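> Take a look at this one; I'll ask things after.
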Amino acid sequence: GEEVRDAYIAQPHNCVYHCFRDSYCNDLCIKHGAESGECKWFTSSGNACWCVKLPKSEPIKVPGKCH
């Protein structure tokens, strides 16, 4: 049945959803089907978008190389 998990969302073009502010990722996550979203500064490689209870159906950061 229903199944979700908190993971770092990433665009379908193999990359981290570049959000200008928490307000962006927050609503951006809702469209995908998440409870909420917040920006987290992991490094100086650009702010990423963190989604909550994000559904597997949606894309997620994967090991490789961002364009």
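In the structure tokens, the first chain shown is A, the next is B, and so on; residue numbers restart at 1 for each chain, and ligands run from 1 in the order shown.
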For residue A:13, find every residue with an atom within 12 Å (counting only C-alpha atoms), except residues of its own chain fewer than 3 positions away, and show them as number ranges by chain.
A: 9-10, 16-18, 59-62, 64-67
> Report as JSON, numbers by chain all protein, DNA and RNA residues lying within 9 Å of stretch 47-52 of chain A, evaluated on only C-alpha atoms, omitting residues in the same chain fewer than 4 positions from it.
{"A": [4, 5, 6, 7, 8, 9, 10, 16, 17, 18, 19, 20, 21, 22, 24, 25, 26, 28, 29, 30, 34, 35, 36, 37, 38, 39, 40, 41, 42, 43]}
> Since we have the selection now, will you write its residues out, keeping N, CA and C atoms, as a short mmCIF file (atom, residue, chain, number, x, y, z; two decimals), in the first residue's frame?

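The resulting file, selection-v8.cif, is shown below:
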data_model
loop_
_atom_site.label_atom_id
_atom_site.label_comp_id
_atom_site.auth_asym_id
_atom_site.auth_seq_id
_atom_site.Cartn_x
_atom_site.Cartn_y
_atom_site.Cartn_z
N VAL A 4 6.23 5.85 1.65
CA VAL A 4 7.00 7.08 1.43
C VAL A 4 8.24 7.11 2.32
N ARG A 5 9.16 8.02 2.01
CA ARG A 5 10.39 8.16 2.78
C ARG A 5 11.02 9.53 2.54
N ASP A 6 11.61 10.09 3.59
CA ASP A 6 12.25 11.39 3.50
C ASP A 6 13.61 11.28 2.80
N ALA A 7 13.69 11.81 1.59
CA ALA A 7 14.92 11.77 0.82
C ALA A 7 15.13 13.07 0.04
N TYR A 8 16.37 13.33 -0.36
CA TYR A 8 16.69 14.53 -1.11
C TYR A 8 16.19 14.44 -2.54
N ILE A 9 15.13 15.18 -2.84
CA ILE A 9 14.55 15.18 -4.18
C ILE A 9 15.53 15.74 -5.20
N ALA A 10 15.43 15.25 -6.43
CA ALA A 10 16.31 15.69 -7.51
C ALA A 10 15.60 15.66 -8.85
N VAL A 16 20.22 18.27 -8.60
CA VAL A 16 19.52 18.68 -7.39
C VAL A 16 18.62 19.88 -7.65
N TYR A 17 17.35 19.75 -7.29
CA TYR A 17 16.38 20.83 -7.49
C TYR A 17 16.89 22.14 -6.89
N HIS A 18 17.35 23.04 -7.75
CA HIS A 18 17.86 24.33 -7.30
C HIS A 18 16.72 25.24 -6.87
N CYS A 19 16.60 25.44 -5.56
CA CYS A 19 15.55 26.29 -5.02
C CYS A 19 16.13 27.61 -4.52
N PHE A 20 15.44 28.71 -4.83
CA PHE A 20 15.88 30.03 -4.41
C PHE A 20 15.74 30.21 -2.90
N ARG A 21 14.65 29.69 -2.35
CA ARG A 21 14.39 29.79 -0.92
C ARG A 21 13.51 28.64 -0.45
N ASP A 22 13.43 28.46 0.87
CA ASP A 22 12.63 27.40 1.45
C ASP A 22 11.20 27.43 0.91
N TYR A 24 10.26 28.03 -1.93
CA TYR A 24 10.24 27.39 -3.24
C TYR A 24 10.13 25.87 -3.10
N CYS A 25 11.09 25.28 -2.41
CA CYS A 25 11.10 23.84 -2.20
C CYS A 25 9.86 23.39 -1.43
N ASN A 26 9.40 24.24 -0.52
CA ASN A 26 8.22 23.93 0.28
C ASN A 26 7.02 23.62 -0.61
N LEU A 28 7.14 23.46 -3.94
CA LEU A 28 7.61 22.58 -5.01
C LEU A 28 7.41 21.12 -4.64
N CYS A 29 7.55 20.82 -3.35
CA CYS A 29 7.39 19.46 -2.86
C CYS A 29 5.92 19.05 -2.87
N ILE A 30 5.04 19.99 -2.55
CA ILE A 30 3.61 19.73 -2.52
C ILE A 30 3.12 19.23 -3.88
N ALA A 34 4.35 15.71 -1.65
CA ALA A 34 4.99 15.63 -0.34
C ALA A 34 4.30 16.53 0.67
N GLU A 35 4.56 16.29 1.95
CA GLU A 35 3.96 17.08 3.02
C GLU A 35 4.48 18.52 2.99
N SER A 36 5.79 18.66 2.87
CA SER A 36 6.42 19.98 2.84
C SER A 36 7.82 19.90 2.25
N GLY A 37 8.52 21.03 2.24
CA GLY A 37 9.87 21.07 1.71
C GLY A 37 10.69 22.22 2.27
N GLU A 38 11.98 21.97 2.48
CA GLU A 38 12.87 22.99 3.02
C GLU A 38 14.26 22.88 2.41
N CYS A 39 14.91 24.03 2.23
CA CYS A 39 16.25 24.06 1.65
C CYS A 39 17.31 23.77 2.71
N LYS A 40 18.27 22.92 2.36
CA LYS A 40 19.34 22.56 3.28
C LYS A 40 20.71 22.76 2.63
N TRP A 41 21.53 23.62 3.22
CA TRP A 41 22.86 23.89 2.70
C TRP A 41 23.85 22.81 3.13
N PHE A 42 24.02 21.80 2.28
CA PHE A 42 24.94 20.70 2.57
C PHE A 42 26.38 21.09 2.24
N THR A 43 26.54 21.87 1.18
CA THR A 43 27.87 22.31 0.76
C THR A 43 27.78 23.58 -0.09
#
> By how many Å are atom CA of residue A:33 and atom CA of residue A:54 apart?
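Atom CA of residue A:54 lies 6.8 Å from atom CA of residue A:33.
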> Tell me, which residues of chain A carry DSSP strand (DSSP E or B), written as a PyMOL selection string?
chain A and resi 4-5+8+10-11+15-16+37-40+48-51+54-55
> Could you give me, as number ranges by chain, each residue of chain A that DSSP assigns to helix (DSSP H, G or I) when run on this structure's backbone?
A: 22-32
